[PDB]
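# Observations on the three-dimensional arrangement
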Amino acid sequence: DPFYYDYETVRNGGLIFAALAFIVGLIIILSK
Amino acid sequence: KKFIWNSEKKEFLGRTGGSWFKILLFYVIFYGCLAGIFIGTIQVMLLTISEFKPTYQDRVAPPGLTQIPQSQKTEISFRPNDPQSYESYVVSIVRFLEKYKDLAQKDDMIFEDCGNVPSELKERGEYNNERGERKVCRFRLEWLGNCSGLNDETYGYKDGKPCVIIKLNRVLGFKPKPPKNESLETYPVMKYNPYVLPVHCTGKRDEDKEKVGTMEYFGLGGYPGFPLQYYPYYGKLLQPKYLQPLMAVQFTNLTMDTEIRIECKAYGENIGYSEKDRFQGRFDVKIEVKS
Amino acid sequence: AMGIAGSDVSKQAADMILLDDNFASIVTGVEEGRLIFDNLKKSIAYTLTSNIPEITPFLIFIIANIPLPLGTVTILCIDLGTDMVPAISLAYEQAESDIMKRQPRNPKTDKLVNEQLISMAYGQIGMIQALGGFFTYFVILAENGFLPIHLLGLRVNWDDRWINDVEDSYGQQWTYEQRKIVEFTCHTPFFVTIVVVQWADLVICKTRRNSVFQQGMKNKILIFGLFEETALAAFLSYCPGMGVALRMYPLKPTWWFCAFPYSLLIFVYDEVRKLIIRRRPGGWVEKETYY
Amino acid sequence: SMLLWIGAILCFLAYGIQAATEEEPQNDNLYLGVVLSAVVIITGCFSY
Amino acid sequence: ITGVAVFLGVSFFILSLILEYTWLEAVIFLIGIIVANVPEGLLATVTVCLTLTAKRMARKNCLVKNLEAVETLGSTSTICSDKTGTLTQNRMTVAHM
Ligand SMILES: CC(C)CCC[C@@H](C)[C@H]1CC[C@H]2[C@@H]3CC=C4C[C@@H](O)CC[C@]4(C)[C@H]3CC[C@]12C
Ligand SMILES: CC(C)CCC[C@@H](C)[C@H]1CC[C@H]2[C@@H]3CC=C4C[C@@H](O)CC[C@]4(C)[C@H]3CC[C@]12C
Ligand SMILES: *[C@@]1(O)O[C@H](CO)[C@@H](O)[C@H](O)[C@H]1NC(C)=O
Ligand SMILES: CC(=O)N[C@@H]1[C@@H](O)[C@H](O)[C@@H](CO)O[C@H]1O
Ligand SMILES: [Mg+2]
Ligand SMILES: [Mg+2]
């Protein structure tokens, strides 16, 4: 049915991006 | 403290007259530019949407169950004796049913007699304007039983024992799927499993359940379900003046001068419900006929 | 005074103490002073610009009786959620030029929040920022068949908690919670878009005079903040049940890039003005816009 | 801090006026005052 | 800040009743418009920023009892110092031979 979205997928997708994003600025700010 | 009106430098509101003009020009040009961008961006967005089908329909996946008399709080309270008390309620019924008379469906060209019994859902092509302006299935007020607005009670409607119908939210492309024969909760007030989507109403509250003993359902062909044949809806632009199927209920023995609650539940495979939306395929009402 | 070589009474009276007794601190002292003074101008501006898009929906919400484009909850996530981290980062910015070379400000002639700042943020950057937000707002609605032209005056029937037969221009019927779930879902990108534009406003407000590349993006705090801000926003929409606790629902991917151009346009506009300030020390660019 | 305070009290006062007039009004303006005031308290604690 | 806010709130308060809105709600807007206009997060931003700058002063043994005093040194136009102790080392010391 065209009235269903695999929200959980992009939901998890977003989670992943944000989690990854945090570690990146973290790496940057803790530059050594 | 507020003497910026004038100065030796001829500042108006603390500002020079010529420069005012210069600022005015900048703002005007700039603001026009932004709007010109904004509108142009919007024009794009217009062209990213089809004119026949919406791009996203996931939100309306659970259908809804509206009522004809839209009470400020789903509550009906009035005097049977007093016309004025129920006059306002009556008016709402009048407007909705106005576009349903046999006379209203004057043009045979745009009206198809679907039939006098439920029949196969009528798929009407792919949703494109390659075909023409598609056809609508009719619906006579006579189909409503003993709750006909313009017939037995043309202006009276119900002075006591009021009628109340439910309606399915008009939805593009919904293919209803009637429930299978074997459902444990299913109470078979009718045996029409093949071509009807049943709606049954119960008090929900035990106190209310006792309060109303019986209710009378009226359906096309004496069947208490939406006709599968009428659907699917093809869109307002594609199908102007499309008529939603109507199902009516008239309550029988009732408790007067008391408040009771009735829960109307649609059933079928393709129907969901939510404990946060009291109207998402479910239905509640508070009703009190005080004399 | 000098901590180890000074009278105790004088030290208490003094507003500043030197432990090492290195008189050189004064030099660093004024250096920081004139430096922090500027960076505050920068910092204050970033938050201020945000208010124009913050407030704007509320205004039109009354003017044209449309569904509310932005929730108060999200605003808090901007003023006090995302925006803060970049705002702190601004202070770390190094001096554009050697400040020690310039004269003391005059407390009458030069002020912290000048008239220019307002016109720059409230008048221009914020207004562009707001336009990006509305674009996204109109886009989402249309993409679910709620056409911009058709959204006028719709507020009244919209916010009613009982009218569940609202008609979209496509022609479908919607229940209260659904169309609310949409209004909430619509609110979330407005917030998101706000971060997208606040990207540009952050960069441009990193420098007053020199170009962006000229200053260089060596400020680690600023960089970490952008990622932190972005991550927070993203998480804010995709954590389990945010639409339950804070009434903020997930986002369909194409939404994220809704206003990337709007912000880019912002970045382009400020940079070209910075160049215009550079090329010519003429007053019109300076007096009107050099906050 | 004082200026923010005036807004908060103003938010708090606003909710009362709102509650009396409408029916079941949204707790938005109220929520605003609490956070606004809290900000000052937190700010004050840090400053002290 | 407030000066523009009142103007906006008042102007809206006018255009509110210009449209079919009652005094009862028109005030609610004027309050709300002025309210949401008020900056909120800025207070803690500025304060945190100020303390941070002082830290580096304290890193180099430059301390200030009053936090809001760091900016004053940069914003000065005239100075006056005491020759003894402040400028001198206040020690009789071998000068020239
Ligand atoms: C470096 C920056 C400025 C470039 C622009 C940021 C882009 C790459 C980031 C910022 C936020 C991100 C989005 C956050 C959430 C999701 C949900 C995920 O399931 C699909 C991708 C999507 C939609 C991401 C796409 C990439 C994205 C848009
Ligand atoms: C320099 C600037 C001003 C050029 C302007 C280009 C604009 C008008 C173009 C470039 C990229 C385009 C966007 C690309 C992505 C999407 C997602 C889509 O689902 C809605 C349209 C939208 C949002 C487009 C709108 C039109 C757009 C914004
Ligand atoms: C109907 O409403 O009216 C009839 C009188 O004309 C009556 O005999 C019949 O029982 C009624 N039926 C219902 C279902 O109300
Ligand atoms: C069309 C119809 O009535 N079909 C029913 C079927 O649903 C039911 O399961 C069966 C009982 O065994 O009896 C049949 O008559
Ligand atoms: Mg704000
Ligand atoms: Mg001395």
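Residues numbered from 1 in each chain as written, not as in the entry; some residues may be left out. Chains lettered and ligands numbered in written order. Part of a larger assembly, values for the part shown. Heavy atoms only, no water.

Taking the PDB entry as the reference, chain E is identified by name as Sodium/potassium-transporting ATPase subunit alpha-1 belonging to Sus scrofa. Within the Protein Data Bank, this record goes by the title "Beryllium fluoride form of the Na+,K+-ATPase (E2-BeFx)".

Before going further, it helps to examine the coordination of the magnesium ion (ligand 6). In the first shell of the magnesium ion (ligand 6), the protein supplies E:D82 (OD) and E:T84 (O), at 1.7 to 1.8 Å from the metal. The exposure class assigned to E:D82 is partly exposed, which follows from its relative accessible area of 45%. (Donors = N, O, S within 2.8 Å, 3.2 Å for Na, K, Ca; no water. Buried < 20%, exposed > 50% of the residue type's maximum accessible area, 1.4 Å probe, protein only.)

Before going further, it helps to spend a moment on the sheet that holds strand 7 (residues 215-218) of chain B. Residues and elements named next belong to chain B. The strand order across the open sheet formed by four strands is 1-5-9-7, and the pairing between neighbours is antiparallel. Two strands bound the open sheet, and with one partner strand each, they are strand 1 (65-67) and strand 7. For this sheet, the mean angle separating the axes of adjacent strands, direction not counted, is 30°. (Pairing = 2+ DSSP bridges. Helix = DSSP H or I, 4+ residues; strand = E, 2+ residues; numbered from the N terminus. Axes fitted to C-alpha atoms, helices over the stretch in contact; angles between N-to-C directions.)

The next point concerns the UniProt feature "transmembrane region" (unreviewed entry) in chain A. Residues given the UniProt feature "transmembrane region" (unreviewed entry) here are residues 13-31 of chain A. Along residues 13-31 of chain A, the helical share is 89% and the strand share 0%, with 27 Å between the first and last C-alpha atoms. (UniProt positions renumbered as here; feature names shortened; annotations may be inferred.)

It is worth spelling out a nonpolar patch on the surface at this point. Judged by side-chain polarity, A:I16, A:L20, A:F22, A:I23, A:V24, A:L26, A:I28 and C:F227 come together as a nonpolar surface patch covering roughly 650 Å² of accessible area. It is helix 1 (residues 7-29) of chain A that provides the largest number of residues to the nonpolar patch, a total of seven residues. (Patch = residues over 30% accessible without salt bridge, like charges linked within 9 Å, V, L, I, M, F, W, Y side chains within 5 Å. Areas by Shrake-Rupley, 256 points an atom, 1.4 Å probe, with all protein chains shown as cover. Salt bridge = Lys/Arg side-chain N within 4 Å of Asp/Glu carboxyl O.)

Here the focus is the site of ligand 2. What surrounds ligand 2 is the set B:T41, B:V44, C:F135, C:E143, C:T254, C:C258, C:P261 and C:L265. Around ligand 2 the close residues trace back to chains B and C. Protein burial of ligand 2: of its 610 Å² of free accessible surface, 58% is covered by the chains. Secondary structure elements with two or more residues in the shell around ligand 2: helix 1 (17-47) of chain B together with helix 5 (115-143) and helix 11 (260-279) of chain C. (Near = heavy atom within 4 Å.)

Close approach of charged atoms lets side chains of opposite charge pair. This model, assessed by the stated rule, comprises 25 salt bridges over all chains. Linking B:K158 and B:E153 is a salt bridge whose minimum nitrogen-to-oxygen distance equals 2.7 Å. On the accessibility criterion, B:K158 (16% relative accessible area) is buried. The residue C:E183 makes a salt bridge to C:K180 at a minimum N-O spacing of 3.5 Å. One end of the pair, C:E183, and the other, C:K180, are both in helix 7 (residues 176-204), three residues apart, so they sit about a helical turn from each other. Pair check on accessibility: C:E183 and C:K180 agree, each one buried. Members of the salt-bridge network, linked through shared partners, are B:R205, B:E207, B:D208 and B:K211.

Moving on, we come to helix 2 (residues 29-47) of chain D. Under the 1.5 Å per step criterion, the end-to-end length of helix 2 of chain D is 27 Å for 19 residues, consistent within 8% with the ideal 27 Å. All of the buried residues along helix 2 of chain D are D:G33, D:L36, D:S37, D:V39, D:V40 and D:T43. Along the axis of helix 2 of chain D, the buried positions cluster into a sector of 145°, meaning they face one direction only. Along helix 2 of chain D, exposed side chains directed more than 90 degrees from the buried face belong to D:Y31, D:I41, D:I42 and D:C45. Where helix 2 of chain D is buried, its residues touch helix 3 (72-82) of chain C, helix 1 (2-21) of chain D together with helix 3 (42-59) of chain E. (Expected span 1.5 Å × (residues − 1). Arc of directions from axis to C-beta. Contact = heavy atoms within 4.5 Å.)

This part is about the state of the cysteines. All names here are of chain B. Evaluation of the coordinates by the stated rule reveals three disulfides over all chains. The residue that forms a disulfide with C147 is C163, at a sulfur-sulfur distance of 2.0 Å. Given an S-S torsion of about -80°, the disulfide between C147 and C163 has left-handed geometry. One end of the pair, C147, is in the loop between strand 4 (136-137) and strand 5 (163-168); the other, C163, is in strand 5, and 16 residues separate them in sequence. For the pair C147 and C163, one class covers both residues: buried. Each sulfur in the disulfide pair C201 and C264 lies 2.0 Å from the other. (Disulfide = S-S within 2.5 Å.)

A few words on the interface of chain B and chain C. Many descriptions give the size of an interface as the accessible area lost when the pieces come together. Contacts between chain B and chain C engage 49 residues on the former and 40 residues on the latter. For the pair chain B and chain C, the summed buried surface comes to about 3,900 Å²; carbon and sulfur atoms form 59% of the total. For chain B, the biggest contributors to the area lost against chain C are B:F38, B:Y56 and B:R59; these three give 17% of the whole. Applying the counting rule to chain B against chain C returns three salt bridges. Two residues, B:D58 and C:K252, come together in a salt bridge whose shortest N-O distance is 3.3 Å. For the pair chain B and chain C, the interface holds 20 residue pairs in polar contact. Listed by contribution, the elements that provide at least two residues to the side of chain B that touches chain C are helix 1 and strand 5 of chain B. Among the elements that take part in the side of chain B that touches chain C, helix 1 of chain B stands out by supplying 13 residues, more than any other. (Buried area = accessible area lost by both parts, 1.4 Å probe. Polar contact = N/O pair within 3.5 Å; in protein donor to acceptor, adjacent residues only side chain to side chain.)

With that out of the way, let us pick up the coordination of the magnesium ion (ligand 5). Residue and element names in this part refer to chain C. Coordination of the magnesium ion (ligand 5) by the protein involves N51 (OD1), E54 (OE) and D79 (OD), with metal-donor separations of 1.8 to 2.2 Å. Look at where the donors of the magnesium ion (ligand 5) fall in the sequence and you get N-x2-E-x24-D. In this pair, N51 and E54 are both assigned in helix 2 (residues 25-63), three residues apart and thus about one turn of the helix distant. Each member of the pair, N51 as well as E54, carries the same accessibility label: buried.

On the chain A side, the residues contacting the seven residues of chain B number four residues. Of the roughly 510 Å² buried between chain B and chain A, counting both surfaces, carbon and sulfur atoms make up 58%. It is B:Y56, B:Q57 and B:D58 that lose the most area in chain B upon contact with chain A, and together they represent 60% of the buried surface on that side. Our count for the chain B to chain A interface comes out at zero salt bridges. Run the count over chain B and chain A and you get three residue pairs in polar contact. In the side of chain B that touches chain A, the residues fall into three nonpolar, two polar and two charged. (Nonpolar A, V, L, I, M, F, W, Y, C, P; charged D, E, K, R; others polar.)

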